[PDB]
Structure formats: C-alpha cells, structure tokens
Amino acid sequence: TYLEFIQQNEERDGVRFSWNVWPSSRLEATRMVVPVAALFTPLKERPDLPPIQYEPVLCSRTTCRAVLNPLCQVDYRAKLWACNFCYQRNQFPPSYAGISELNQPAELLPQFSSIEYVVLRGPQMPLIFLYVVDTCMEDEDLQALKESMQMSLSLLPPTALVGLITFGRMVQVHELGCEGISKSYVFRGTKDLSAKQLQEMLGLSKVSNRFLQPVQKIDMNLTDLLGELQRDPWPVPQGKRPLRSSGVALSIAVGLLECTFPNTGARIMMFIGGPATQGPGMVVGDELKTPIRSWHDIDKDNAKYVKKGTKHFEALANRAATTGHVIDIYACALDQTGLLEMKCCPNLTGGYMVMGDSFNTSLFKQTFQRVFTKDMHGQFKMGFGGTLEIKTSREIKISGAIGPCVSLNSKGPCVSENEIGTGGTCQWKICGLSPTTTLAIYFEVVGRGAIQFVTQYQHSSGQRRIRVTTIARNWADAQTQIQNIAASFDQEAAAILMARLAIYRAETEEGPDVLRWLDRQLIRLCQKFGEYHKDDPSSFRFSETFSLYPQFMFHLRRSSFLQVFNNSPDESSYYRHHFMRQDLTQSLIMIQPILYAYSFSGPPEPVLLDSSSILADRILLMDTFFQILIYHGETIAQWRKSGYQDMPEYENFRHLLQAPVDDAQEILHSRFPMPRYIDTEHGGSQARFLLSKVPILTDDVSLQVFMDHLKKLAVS
Amino acid sequence: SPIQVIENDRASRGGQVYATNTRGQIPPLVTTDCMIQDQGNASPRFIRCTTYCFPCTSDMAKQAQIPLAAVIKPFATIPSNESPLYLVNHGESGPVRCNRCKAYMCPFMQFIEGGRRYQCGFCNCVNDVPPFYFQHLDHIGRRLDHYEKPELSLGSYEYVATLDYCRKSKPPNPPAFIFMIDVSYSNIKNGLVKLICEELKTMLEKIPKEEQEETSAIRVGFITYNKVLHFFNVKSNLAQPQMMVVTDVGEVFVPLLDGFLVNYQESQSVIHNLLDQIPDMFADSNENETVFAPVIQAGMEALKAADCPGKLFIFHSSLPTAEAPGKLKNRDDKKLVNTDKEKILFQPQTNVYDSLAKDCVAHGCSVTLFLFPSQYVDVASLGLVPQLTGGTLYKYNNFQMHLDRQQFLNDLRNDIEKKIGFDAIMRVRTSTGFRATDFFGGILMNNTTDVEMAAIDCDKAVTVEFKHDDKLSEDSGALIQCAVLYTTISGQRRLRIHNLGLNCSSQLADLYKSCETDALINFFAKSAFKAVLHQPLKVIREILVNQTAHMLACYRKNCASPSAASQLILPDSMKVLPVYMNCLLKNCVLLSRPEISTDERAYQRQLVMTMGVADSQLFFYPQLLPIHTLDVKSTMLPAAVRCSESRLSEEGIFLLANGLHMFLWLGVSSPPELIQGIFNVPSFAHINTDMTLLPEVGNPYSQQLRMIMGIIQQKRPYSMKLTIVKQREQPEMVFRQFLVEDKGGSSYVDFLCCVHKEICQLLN
Ligand SMILES: [Zn+2]
Ligand SMILES: [Zn+2]
C-alpha cells in the first residue's frame, strides 16, 4: 500500500512529500501542477533512536560534503564508499577499521535512515533566558505574571544564565547579585540604541556578566526581585493609553545579548500587556480617541503607525537572527498589542507567539509552562542555533523554503534559479526549534533521486548535535507511468504545501488574486487527474487518492487564513504564525476542523463539517486547532436545562455529557497553544463560532456548488 | 595710613547709636561697630553708598567723575540687639503701589488732601489711596497710624505678596536640597567621599526651619556621578535604597519621581542606610574621567519635575574630561599681558554653561559647588553656573585630610544653615532724576531692569550703578527703593523693601564731603573685575588710575583752597582712597603671569563679585595684629597696624587675615616663651609649618591667641585656611602677597605724586 508508505516514511524520516514518485523530465514536472515539495520535521520525536556519539563521515569533495548514508555503495574489502550524490570515492577514517558486510556501521543501515550525531565541537555553552517584562498593567495581571515568571525560573537548569529587563515609560536593565541594595540602569523609552552603544554604556568588554548570572547563584535574589516588582508608577491621564515603550525595550534586549553572548543559544522572552504607544515601533497614538488599527483601517491607508512600526521590528528580527538568538512574544490584553508589526520577530527566529486575554487566566499560565516541557531524562525540548543544510541529486535543485527560517544565501549546485519564498540558498538558519517545528521545502527538476537533510543545533543540555535524515524516491518516465506517479500523490501533504504557498503570497504584494490562483491550480489538477468525458459534469470522477483535495481547497479558501476581514490584524498574524509551523496532522485540523458527534445511538463518530451533521439529539465537538467548541442539540439542551442529570435514574444521560467533556480535557493538556474553550448549545450567543466554520471561481458558496463550478470548468 | 582713619572714626562713632532720621545722613565706617536704630532710612548694614549726596546736573557728574553707586546687602544679618524687620500685609489687594513708577508704599509718600490721596516722591504722581488703607490724618501731613504701621515710618520691612506675583499665579512649593557627589578615584583616595556621607547624617538634622512650623518643609534628594549619573530612590517605605543609573549623558533625564526629594524626617532610616553604603559602593572604583554640566542639568530637571525651587550642593574633584556636553580641555595658554584676548582665559570654554545657567535661574535652581582641585581645573568655566545662579564656590587647593578637614566641614555646616530665599528677583526703583543702569553681583539679567537671583543668602550683596537722568532737585534730593521678591523656605511668596533717601547738591564741595572710601573701592573692584571679560588688563588699569586722579584733581582744581604746587590736598573722606586704590591694582586678578595660577585668578575674581562692603574692605586691606606685645588678662581688642613688612620685628609675632586666609607669622628671634605656650614645642626651629592644624595646649596665650582668632572669624562667612609661616626663606613669599602697601605696581608716595601730576594737568 502507498498509505502505509507515507505513514512509515513520516515516522521514520520526518518527511511528507507531495509526490513520492518523481518525473525525470523538467517539462512534465511543470505540468504536474503541484510542485515536488515536502513538509520536513528535522527533530521529529524518535524515542527509538539513540545518539551515536561519533563525528559523521562526509564526502571528501568540497562542494558536496554529504553525510554517510545507506544510499552509498560500499566496497568493504577495499574499505571505500561512493557518495551517491556526486559519485566521488572516499575512504574510511582509521576508527572505522573493522567495518564488514555483517558488522557495518549504523549510518549505513536502511532503518537508521535519519540519525543523530553527537558533535565534538568543544564549547558546552549554558542556556540564556532574558526576561523583558511590561509593567503597564493592573496589579492582578502583574501579580500573576510575577507568579508565572518565578515558576519558569524554578525549572531552568542550574548552569543557565538569566537576565531581567523591565520597561514602562522608560527601560530598565537590572543588575543581578546586588547586595544590600538593588541598582538598575535606565534608558529613555524614546531613543533607539545600537549594540556597540549599549556595550559601552553598560561598561562591558567585547565578545558571566553583571546582568546575566547563573540560576544556582541568583535564585534567592531574583525570586525576591520578581516578588517586589510593582507596576509602572507613571500615572496615565484620562482618555490616554499608558506610555509603553515596547519597541525600545526589545531593541535593548537584542543589543544586550548581541555584545555579551553572540553566536549561541538564547531566548529573548518579552511579555507585553498592551500596544506600543512610544516609538520606535509605535503601534497606536497615546490618546484613547484614536482606536487600534483595523483590517479596514489598514486597507484604507488610515494606519499611520503600521509601516514605520513593522519596519522597526523587522530590523530587530534580522539582528537577533544573525546573532543566533530567539525572540518570544507573550501578548495578553483586551485589545491588540501590535502582533502584526512584531510578527517578524518570532517568525524568523523560531520563537513562540502567545496571544490571550490576560496573564491571570488559566489559559496563559498553562500555555507558558508548556514551553518548559522536559524530556524524560529531565532536559528541555528546545533546540537552538539550527543550521539546515540540504543536498540533492544533480537532476534536482531547491527552489526555496517557507516557515520559521532565515536564508544564509549559500549558493551552490542545489540552488535553483527560480526561487520560491525563502530561496536563493541551500542553507537556512532556524534559531529556535522544537520536535514540532516543520519546514516546507520546494524542489524542481531539469535509478532514483536522493535528498539529504543536515541539521546542526544546540541541545538544551548544552550538547552540540547534528541530525541527518536521508531519503530517496524512485524516478519515473511520465510518458509511460502516469499511473505510477498519481499513485504517489499525497493529497494531505499537497493540500498543506499548497496552502503554505497561498498564505506566503498573502503576506506578499499580492491581493485577492490568491483566490483566483488557488482555484486555477485546482482546476488544472482536476483537468489532468480526473476521468471524464469532456462537457459531461456527472462523468467527472475523482480517484480516491484525489477525492479529499477539492474539499481541502474549499475549506482553505474560506478559512480565516485567506479571509482576514472577519478577525483582527493581531489575530490573523497569530493564526498564520502557527500554520507555517505545524506538521501535517495539525495543519489539516487548522484548515478543515475535526467534528465529533455524541449520541445515545452509537459511540462517538466524526461527521462532515456541514449543517447536515447538526442534529437536535446529538452533541457536537468541533476542533479547529485554535478553539474547542462543544455544541448541544436542541433536544439535549432541553434535557440539560431540566435537570435529568442529577437524577440517579439517568446514569446513562449524565455520562453522555461527560464523554465530550472528558475528551475535551484531554486536548487541553497535550496541545501546546491551549485552545479557547466554548460551552454553547442550540441558540447560544457563542453558536456563531460553529455556524461560521461549517473573475474568481466562486463567491461564498456551499461545498456542493463549489464542486459544480469546478466540474463544469474542468470540462472546458 | 588707613589705621589712623579707622581708629579716628571708631573713637568718635563707636559705641554710639546711629539713627537714620536725617535725609542725606552719612553713616559710620564698616569697621566701626555701633548700635543702629531704624528711623526713616534703611540701615547701612543693608545698603551703603559711594556718595550720600548726588550731584544735581549730569554735567557736574562728568566734572567730578565720582561714581554714583550703592552696595545692597538685602538680607544682611541684623544683630540680636537691633530691632528686627516687620512683616506687612495689605490683604487681598496686595501691597499698595504707585500707578506710574510702580513703587511700593514707603515713608517717602506724603499724604495730602486729608489723606485721601498721596503723591509719590519718585515720580510725584498722585494715587487715590485705597479706602481700606485710607481715613487717617495728622495735624501736619502725618498719618495718624503713621507710627504704628512700619511701612510708613521704617525703611526696612517686608510685604506679603499676593498670588499675582507668583509663578503661574499659584502658591509656590517649598524648596529642596539636592546633594550631588563626585565619586571618581580622586575623591575616593583622599578620603573625601565617606567624609561627606558620615558628616551629612549629622547636618541633615540642622536644615533650616521656621519658628511657626515644627519641621523643615525642605525635601532632600541624592545623586552620585563619575562620567555616569547615579540616582537614588529613598522613599519613606523602603527598607533598602534603590539605585537608577543613567548613561544617556548628553540628553540627560531624571528617571525618578517620588523616590526622590523626601522629607528627611520621614525617610530618616532609609537615607542613613544609603549614607553608609555609598562609601563602600565606589571603593574599588578606578574611574578618573568625570562629567560636570550633565550633573547640573540633571539637578535642574529634578527641581522642574517636582515644580519647586532648590539648591544644588555639588562636590567635585578635578577637571571634567569625559566626552559629554560641557567637556573641558586644558585651555591654559600664554595669553595675558597686552594679549587683547586674555579675556578668554576668564570665560567659559563652551557656550553652553551660559545657557545652562539661564535654564537654572528660570526654574529657580541654584548650585553651590565645593571644588577640591589638585591640578588645573578651569575655575572660569566650572564656577560660571554657581556664580550666575547666586550660589557660592568653595575651592580647596590640594586637599589633604589631616589639614583642611576642619576647614571644609565648617564651610559645609555654614552653607546649609544659611538663611536662604529662592526664585528671587530684585528691582531698584529711583526718583525722577536718575535710574539704575548697571549691576554687579552673583546674578543674571535679561531685562535691563530686573535682577534675577535663583537663591540669595545673608552674605551675598549686589552693587548697583546709577547714571544721571534729566536733573535732580535740591529740595527733594534723590530717593532709592530696592525690592526683592522671593520665596521662603516654607514656600511663601514674600517681598523685602529697602528705602534710602539722599540729598542733592549744586556745590562740588558737598560731593567730596559725603564719600565713603570703603564703598568706592567695592564698586571699583567689581567694575574692573567685570570689564576683565571684555577689555585688556592694561586698558582697565588705565581707567582706574585716571578716574582716581581725575577725582582728586577736581577737588583740588575746582574748590580747594589755594595750596602749593608740591602738595596734594585730599579731603577727610578720601584720605585713604589712593592707598586702597593702589592695593586693588596690586591684587593678582589684574596682574601678570609669573607665580599666579589662572584658577586662583578666576577664583579671586568670583569671590569679590559677591562681596558686601564690609568684606571688600578686609580682602583688599588685610588686618595685621601683633601678638607678642599683647598683654594677657587685657581687653581683647588689639589695635591693628599698617600693612607692610616695615612694622614687623624678627622678635615679633603677628596675625594677618583678609577673610579667606589667616597667617600666623613668626620672626627669627621670636621669644621661645610664647612658642612654648602656643606651639607646645621648646624653640622656634621645632615648629613644623606643614602641621598647620589648630593647637589647643596652653593656658595664658594659646587661649588668648585662640580667642582673638575667634572674634576675627565671627563676622566672616568663609572659614579661613590657617597658614603658619616662619621668617627667613620660608613659604612667606605667599605671605608677602597680602602686605599690600609693599611694592612686591608703583608705591604710595609715587601714586600720590602721580595723582598730583595730573592734578596740575587739569589746569585750575
Ligand atoms: Zn559527495
Ligand atoms: Zn510714582
């Protein structure tokens, strides 16, 4: 089976290609209509895998430098190996003396296609966590944020270095380890600074300091300082927003780590409580008369702070990315905080972007401590300073990448002229990655081909490691094996990989032409892979390998990702942030939410996202990745409002309500961005959240009529 | 000699009461201690004049070339036995003023038409008196309550100022004391930093408060600096002071409100917790470069945040060299004699110190700098802000702990407890016939008319110059009214008025009869010292000599009884005008390069500018007391002797003091008896000049010499640096610089014959 092939190659190598059988000619690949692409998860969890602990063996040719992998032919008696990418002959290091046909090294065995090596690089650097805390909030939210920050401080390893920057009307850089006194350097919340300027102003040499000190050393002092942290003393007049200098403080946090510990893993964790009202990076005017930018205000050229504001945080992002540090944003407020401007910081570094209502919520407190999830051994599940190197066969060139990465502009033979998204390179830098981080790599064409993925990072224990995943897929003569290629079509992967592109274009200079293009490719796909007599719409039939694809496009073009005029700019930047990050399983849930049905007649069963699944005697459980919604039918709502549940006769009914709630509590612990929960029913005010999730090709239209304008156009 | 005059006036006027009832009366000399009673005109302790009888025609003023000036010490310390000033309140209407010249109500306004209306002496305009103040008459132009109300019979009193006098028409806030300390290596090593902190705890208790209140309303803030400013949070509720360090020097800002300027009694335990740590805090500091102007810029902005005046107590070590606004280079350069641009050596290097001074005065900010130089420091630049602001500059050359410790702590106790006002403006109004045209003192001005003083104490003094306008009247004379609007240490707007009348005369004889030589020198000294910043020194010195000669030539030529062509005829008032004038011309400020540091030149130039007449008389003609002759168990005052090396014996011991230094001179044949009863060591060769600290051992003489040293220091604001000197080949080369009647410029008999050769040039 090919469904078995996709699931086994995903759990093993952490990859999912749009096509698992590739055309050998450049022309027919162009007409394939879905470029040869793949979701790649570099650090996909592999409990089974054991780190090797020895340096990898690389091909001696300079421009290749590929890692020893099972695809290389080996002459054991001659003690040589031929690199399957450039056909170069290479010898084995002297430690590989006893290699044999029956006692071969691990990296040559097919099962260990993807493996991790332990690098003997030499510097075991400690981790670095810098807190940048907003003080322009109420005592309730601050007292809880103080409670949460001490909780994270208790989990950090003893050797890690911590720092604290508090900002209000002015920015403060506290000196830890102050004895019998507390001193803090202060800066204007209106002037930007460079890394060299702050290096000289704080009194520091080039390349433990007084601001970043070990956890085992300053735990008493810091947990006392976080407890004594009160809010911004500067009062706020009427009709005015507090003078909050978010952009200035983040710039100092970037420059501080830029001149003390550059080129090493670190996390800049900035917690904000509202929008930036004092530039640079200004989001909105200080007066409360001027409202926050709206997707309408920003489309009528009525947001005089967006262009200059996003530009500021865009420069801070490339500064932190090049230096090798991670910028996290934990924004909790009752209105927008500037995530549309500040999106670039946790999007280029592999940082997190957490949006919520306030810090005193069980929503945030839970989400924040999931960031510090340890493995079984007791080490964090974070990875820093990632360098992703991809090599391909000479018949294959890389277009580009989409996702949390920064180009290194490493030109080479595996770099295609026509680049897509983050392209013009075969090397990318991912500052912060997790086992969930997933990139989209797009390829091109000009016996089986090969692609090797090399990833070097710093493990949270400090150890330096390299992850290599090598995969190979069979070539094909499309003039003879169209059936062999269409059998390798990954409709799930191709749906996300195409959605990945359509959203990146929405960031891009392009307008609503994405809708016009997303349908043109769907028409092109159905035209080529559909069995039909032309001009007969009913004659059109899908192959099962392609059945769900037109349904995936329907829910994509109608989703919140492309129709942003129903959410706020900070919300749209939040949804798109997590979609470019998740693997396949979660990305599908995002586009097409899951739905469950609970009834007396039968166990829980998934059902279609149409109104035909909404019944009076059935409880529904919707699962868009961002929120959980339990919906009670009209008949069950009446039985619920009467009080049958307490009555010991209806033991069956009290359990019928508990079945979806228990399964809802499950998903409120595993999912890293804990979703918003909704307990609504037939006729509730929050029932709008379910009914909304249930020339151009078509306007807003049901699924069936979307298939008809697809059929009659595919046959013309 | 000057001594023969001082004692001749002490004998005729000492121990007697001088009542200022006469219009153009001539008060005693400053040296002459006498009880004063305020009838009519103001006391000479407040205001003395060059001449108490002005010429009536401007052409006559050009003839005698006698300067018409006055030296006002508006807040002089009234003695305990002299009646204090009375506070006057005229209700909501505010103090009664003339509607033309805006002169305040004073005894010079005669009531007429039944007291219904009054005519101002200054302009003669008539104002219908407000009814509430009206309804009082006397048989002959005397308010019935004329005697009861002080604004009608006294010449010195105070008014209550309404809201339309205050800033923004709102009642002012009490001032604040901001103590700012240099903490570079220079002051850590010589042990000055912990000294300031330890002794501050004691004298923070003694911050001035009024009798009507129970605790001083002056709040207190704290800052340390070394090229980087250190603010301190000392709110009442903190068990541990917070530090906020500012490095954005250049665009300096105050990062704190409410952690600053707290009532000392409220945050007592918190401040003392800070004063114990600051010495330990910067002990291992190796920083040597420091800032200066950003420290004043910071203390000024802190006073603007709390919206209140204040006084900055700055303690500084050496030259500020760190890259910042106000950075001073070493600009000492061969540029003084006939340089025609020597005036640059007495001016601030950058142009910002004037602008920083303007910003301070506008917001009522004063700075008193305590300078501890060990090298060149550029007093001309550092002291410009603490001088334009009405503060003081305390300079201690090459500070050493075992010596100048007592001298500095005595000056710090003094400048804290000074009866000081804040955000003050002075306005000298005159009658129809003249007006104030020039001003001298620690002050700043924008309007020709108004003098602005950020802070003024009992020791400051302003010298005002008058120029003729139209013609004076012999019947009315010439009237002066000085008004000083300010803010009290309890935060209350208050006026102080000084009224002084003088008589005009159409006769040149009455002009010279009514001259005070002590006051003439005070104006001439300041006059030259201000023109130093504009004209070459040899030019100014020619102006001084020619004007002195032209004065003594017009007395001789115009009305002097016919005398011989070899004699110099000078009146009784100007007996010693040539001697004093020759001493001012020998002060280092107007002299050449060799052996005189420019910083000492800039230091002495600033000191005189703020001098009261009493002081100006001592700094220029020091007091020389012989000690050996003094007989024990005798009246304490020993008569002064003329200031020359001639009146000295090898055997003899003398005391010299000009108000800033005090020298204990010892002859080579000094009797070992007195040396044992004072210095505790047997012989003359057993004294160590370098150990010039206060010696206490002794019973007849060491208590007698220490008694006469105390009475000399009494009326003097600066505590004098004692300097013990032996006779032959010792550091007495500095001691001879104060024996001003010695050559060292021309001599006395030469300057007299110099005055006479131009006495005959003005043929008559
Ligand atoms: Zn190779
Ligand atoms: Zn008048």
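Residues numbered from 1 in each chain as written, not as in the entry; some residues may be left out. Chains lettered and ligands numbered in written order. Heavy atoms only, no water. Residues with missing side-chain atoms left out of burial classes, pairs and counts.

If you check the header, you'll see the entry was determined by X-ray crystallography and the resolution is listed as 3.512 Å.

(A) Expanded view of the overall build of chain A. Of the regular secondary structure elements, chain A holds 20 helices and 28 strands. Projecting the C-alpha coordinates of chain A onto the three principal axes gives extents of approximately 80 × 75 × 60 Å. (Helix = DSSP H or I, 4+ residues; strand = E, 2+ residues; numbered from the N terminus.)

(B) Focus on the overall build of chain B. Scanning chain B from terminus to terminus reveals 22 helices and 29 strands. The C-alpha atoms of chain B give 27 Å as radius of gyration, which agrees with the globular expectation for 764 residues (27 Å, within 12%). With respect to the principal axes defined by its C-alpha atoms, chain B has extents near 75 × 70 × 55 Å. (Rg over C-alpha atoms; globule rule 2.2 N^0.38 Å.)

(C) Focus on empty space enclosed by the protein. All names here are of chain B. As a volume, the largest cavity reaches approximately 180 Å³. What lines the largest cavity is a set of 17 residues, among which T610, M611, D615, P717 and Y718 lie closest to the centre. Of the residues that constitute the lining of the largest cavity, the class distribution is 7 nonpolar, 5 polar and 5 charged. (1 Å grid on protein atoms, 1.4 Å probe; cavity = no way out; pocket = protein on both sides within 12 Å on 5 of 7 lines; lining within 4 Å. Points joined across faces, edges and corners; volume = space filled by probe spheres on them. Nonpolar A, V, L, I, M, F, W, Y, C, P; charged D, E, K, R; others polar.)

(D) Representation of the pattern of salt bridges. Residue and element names in this part refer to chain A. Throughout the structure, instances matching the rule amount to 57 salt bridges over all chains. A salt bridge links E45 to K381; the shortest N-O distance between them is 3.2 Å. Classification of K381 by relative accessible area gives partly exposed; the value is 32%. Taking the shortest distance from any N to any O, the salt bridge between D286 and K240 comes out at 3.8 Å. Of the two residues, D286 sits in the loop between strand 13 (267–272) and helix 7 (306–323) while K240 sits in the loop between helix 5 (215–227) and helix 6 (246–258), which places them 46 residues apart along the sequence. We classify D286 as partly exposed; its relative accessible area is 31%. (Salt bridge = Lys/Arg side-chain N within 4 Å of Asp/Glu carboxyl O. Buried < 20%, exposed > 50% of the residue type's maximum accessible area, 1.4 Å probe, protein only.)

(E) Quick look at the coordination of the zinc ion (ligand 1). Residues and elements named next belong to chain A. Around the zinc ion (ligand 1), the protein contributes the donor atoms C59 (SG), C64 (SG), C83 (SG) and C86 (SG), at 2.3 to 2.5 Å from the metal centre. We note that the donor set of the zinc ion (ligand 1) lies within a single chain, spaced as C-x4-C-x18-C-x2-C. Taken together, the residues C64 in the loop between strand 3 (37–40) and strand 4 (73–75) and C86 in the loop between strand 5 (80–82) and strand 6 (89–91) connect sequence positions 22 residues apart. Per residue, the accessibility class of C64 equals that of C86, and both read buried. (Donors = N, O, S within 2.8 Å, 3.2 Å for Na, K, Ca; no water.)

(F) The sheet that holds strand 29 (residues 721–725) of chain B, seen in detail. Residues and elements named next belong to chain B. The strand order 26-27-28-29 describes an open sheet built from 4 strands, whose pairing is mixed. The open sheet has two edge strands with one neighbour each: strand 26 (623–626) and strand 29. Each strand axis lies, on average, 15° off the axis of its neighbour in the sheet, ignoring direction. Inspection of the sheet shows strand 26 paired to strand 27 (residues 653–657) by 4 bridges, in the antiparallel sense. What sits directly across from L625, in strand 27, is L655. (Pairing = 2+ DSSP bridges. Axes fitted to C-alpha atoms, helices over the stretch in contact; angles between N-to-C directions.)

(G) Spatial organisation of the domain arrangement of chain A. When its domains are assigned, chain A resolves into domain 1 (1–52 + 114–124 + 382–476), domain 2 (53–113), domain 3 (125–381), domain 4 (477–591 + 701–716) and domain 5 (592–700). Spacing between the C-alpha centres of domain 2 of chain A and domain 4 of chain A amounts to 42 Å. (Domains from an automatic or database assignment.)

(H) Fine view of the interface of chain B and chain A. Counting from both sides, the interface comprises 17 residues of chain B and, opposite them, 14 residues of chain A. For the chain B and chain A pair, buried surface summed over both sides reaches about 1,400 Å², with 59% attributable to carbon and sulfur atoms. For the pair chain B and chain A, the interface holds 1 salt bridge. A salt bridge links A:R188 to B:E251; the shortest N-O distance between them is 3.2 Å. Counting across the interface, chain B meets chain A through 8 residue pairs in polar contact. Ranked by residue count, the leading element in the side of chain B that touches chain A is strand 14 (residues 242–246) of chain B, at 5 residues. (Contact = heavy atoms within 4.5 Å. Buried area = accessible area lost by both parts, 1.4 Å probe. Polar contact = N/O pair within 3.5 Å; in protein donor to acceptor, adjacent residues only side chain to side chain.)

(I) Seen up close, the domain arrangement of chain B. Residues and elements named next belong to chain B. What the domain assignment reports for chain B is domain 1 (1–9 + 505–621 + 743–764), domain 2 (30–41 + 85–154), domain 3 (42–84 + 155–162 + 419–504), domain 4 (174–418) and domain 5 (622–742). Contact with domain 1, which involves 29 residues of that partner, is made by 32 residues of domain 3. Across the interface of domain 1 and domain 3, roughly 2,500 Å² is buried in total on both sides, 62% from carbon and sulfur atoms. One can count 1 salt bridge joining domain 1 with domain 3. The tally of links from domain 1 across to domain 3 stands at 13 residue pairs in polar contact. Secondary structure elements with two or more residues in the side of domain 1 that touches domain 3: helix 13 (508–513), helix 14 (517–531) and helix 15 (537–559). For the side of domain 1 that touches domain 3, the per-class residue count stands at 14 nonpolar, 11 polar and 4 charged.

(J) Representation of the UniProt feature "binding site: Zn(2+)" in chain B within the structure. Residue and element names in this part refer to chain B. Those residues carrying the UniProt feature "binding site: Zn(2+)" are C98, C101, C120 and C123 in this numbering. Considering the C-alpha atoms alone, the annotated residues occupy 26 residues of sequence yet fold into one spot, their largest mutual distance being 8.9 Å. With respect to the secondary-structure elements, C101 resides in the loop between strand 6 (87–88) and strand 7 (110–112). Taking relative accessible area as the criterion, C101 reaches 19% and is therefore assigned buried. Ignoring sequence-local partners within four residues, the contact set of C101 consists of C120, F122, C123 and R429. Residue placement: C120 occurs in the loop between strand 8 (117–119) and strand 9 (126–128). You can call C120 buried: its relative accessible area is 1%. (UniProt positions renumbered as here; feature names shortened; annotations may be inferred.)

(K) The arrangement of the environment of A:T223 in detail. All names here are of chain A. Turning to its location among the elements, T223 is positioned in helix 5. What makes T223 partly exposed here is its relative accessible area of 31%. Setting aside residues up to four positions removed in sequence, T223 forms contacts with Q150 and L153.

(L) Here's a closer look at a positive patch on the surface. Together, A:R31, A:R520, A:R524 and A:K528 make up a region of like positive charge exposed at the surface. A:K528 sits in the partly exposed class, given a relative accessible area of 38%. (Patch = residues over 30% accessible without salt bridge, like charges linked within 9 Å, V, L, I, M, F, W, Y side chains within 5 Å. Areas by Shrake-Rupley, 256 points an atom, 1.4 Å probe, with all protein chains shown as cover. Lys, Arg positive; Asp, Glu negative; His and termini not counted. Charge placed at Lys NZ, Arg CZ, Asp CG, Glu CD.)

(M) How the structure looks around the sheet that holds strand 8 of chain B. All names here are of chain B. Here 3 strands make up an open sheet; going across it, the order is 7-8-9 and the pairing antiparallel. Since the sheet does not close on itself, it has two edges, and those belong to strand 7 and strand 9, each with one partner. Geometrically, the sheet is characterised by an average inter-axis angle of 30° between neighbouring strands, direction not taken into account. Looking at chain direction, strand 7 and strand 8 are connected through 3 bridges and run antiparallel. Following the sheet pairing, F111 is matched in strand 8 by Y118.

(N) View of the pairing of strand 9 (residues 161–167) of chain A. All names here are of chain A. Strand 9 sits mainly inside the fold: 7 of its 7 residues count as buried. Taking every second residue as pointing to the same face, both faces of strand 9 are buried, with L161, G163, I165 and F167 on one and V162, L164 and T166 on the other. Pairing of strand 8 (residues 128–134) with strand 9, which is carried by 7 bridges, proceeds in the parallel orientation. Bridging from a neighbouring strand, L130 pairs with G163 of strand 9. Traced from strand 8 through helix 3 (residues 139–155) to strand 9, the parallel crossover comes out right-handed. (Right-handed = clockwise from strand over helix to strand, strands pointing away.)

(O) The arrangement of the packing of aromatic side chains in detail. All names here are of chain A. Counted according to the given criterion, the structure contains 67 aromatic pairs over all chains. Look at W22 and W475: their rings are 5.9 Å apart centre to centre, the planes differ by 75°, and that puts the pair in the edge-to-face class. Classification of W22 by relative accessible area gives buried; the value is 2%. Seen from their ring centres, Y54 and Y117 are 6.4 Å apart, and the 50° between their planes marks the pair as tilted. With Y54 in the loop between strand 3 and strand 4 and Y117 in strand 7 (residues 114–119), the pair connects residues that are 63 residues apart, well separated along the chain. An aromatic cluster of three or more residues is present, and its members are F129, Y131, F271, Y330, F359, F364, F368, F372 and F380. (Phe/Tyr/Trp six-rings, centres within 6.5 Å; stacked < 30°, edge-to-face > 60°.)

(P) Representation of the UniProt feature "binding site: Zn(2+)" in chain A in the model. All names here are of chain A. As annotated in UniProt, the feature "binding site: Zn(2+)" corresponds to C59, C64, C83 and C86 in the numbering used here. The annotated residues occupy 28 residues of the chain but converge on a single region, no pair of C-alpha atoms lying more than 9.0 Å apart. The contacts of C64, once residues within four sequence positions are left out, are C59, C83, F85, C86 and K391. Topologically, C83 is positioned in the loop between strand 5 and strand 6.

(Q) Fine view of the state of the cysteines. Applying the stated criterion across every chain, the model contains 1 disulfide over all chains. The partner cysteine of B:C56 in its disulfide is B:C504, sulfur to sulfur 2.0 Å. Here B:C56 is found in the loop between strand 4 (53–55) and helix 2 (58–64), whereas its partner B:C504 is found in strand 25 (residues 493–505), with 448 residues between them in sequence. For the pair B:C56 and B:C504, one class covers both residues: buried. Free of any disulfide, A:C178 has its nearest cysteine sulfur in B:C197, 18 Å distant. Free of any disulfide, B:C106 has its nearest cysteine sulfur in B:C120, 6.4 Å distant. Judged by relative accessible area, which is 0%, B:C106 ranks as buried. (Disulfide = S-S within 2.5 Å.)

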